[PDB]
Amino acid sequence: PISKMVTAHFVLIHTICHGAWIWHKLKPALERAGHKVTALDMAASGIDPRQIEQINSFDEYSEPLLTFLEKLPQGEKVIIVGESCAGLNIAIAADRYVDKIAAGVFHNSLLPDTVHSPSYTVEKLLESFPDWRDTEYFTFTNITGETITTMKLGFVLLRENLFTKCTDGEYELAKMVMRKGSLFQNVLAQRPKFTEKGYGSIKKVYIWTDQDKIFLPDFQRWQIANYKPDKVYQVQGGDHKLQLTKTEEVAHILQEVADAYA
């Protein structure tokens, strides 16, 4: 009748332990479509200089995103794409900059809600996937005395559960730059719920595959049932790291999102 195609500014946010580097194939694919893409390292992730023992909450961890949104020009809006635990970074960011977010895209991601604790989907994630195989755990005491659990993701868990169908070069890259991370789950349990006016009002698109071997179909479908997304896009095949195994397909879905919300 009237067709529409839109170019957008995507901000890509990795999950804990990883960095901007997992977006190294999706970032060019999106730029081939003419989109502007920013891929940020969160605190103590990728080549960010901080160490995780200096970080005290998931909010503090999210500082690079919030700084970047604080600096966005007047009336510029971005679509925040977050993989895995980064749905929590999208929720933190939307309660401070609802204004600047055209949509949040959850890519095999935690989908927080406003009705329960911020730690709620992390609890459910761990109920669904309680054993992280050869992952190693550590702790430190944060700035107000909370015990924080950090982890060094195991290489078998990396191979078989996160990077299941990925290229040898991609899995090897992951071993060369993977760092420690934390869910800050007990500090999330103490956190104010996400608000209705900020995060609750954001458009939310949920991309996932039922071939994900760590965010399992049962968990993903429970999340979709728990907090209905505005749109759901299920990709066939691939693995947890769809921006590596299904890069073009994820780019085409993200075009659709830009058309609809940006």
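Each residue number is its position in the shown sequence, starting from 1.
In this entry, the higher average B-factor at the C-alpha atoms falls on 5-13, of the pair 19-27 and 5-13. Between 193-201 and 231-239, the higher mean Cα B-factor belongs to 193-201. Comparing the listed residues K180, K175, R96, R159, the entry records the largest Cα B-factor for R96. As recorded in the PDB entry, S128 shows the highest C-alpha B-factor of the residues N108, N89, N142, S128. Ranked against the other modelled residues of its chain, the C-alpha B-factor of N226 as given in the entry falls in the highest third. Among all modelled residues in its chain, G104 ranks in the middle third by Cα B-factor.
Sort the modelled residues of the chain by CA B factor and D59 lands in the lowest third. Ranked within its chain, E70 lands in the highest third, by CA B factor from the PDB record. When the modelled residues of the chain are ordered by C-alpha B-factor, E53 sits in the middle third.
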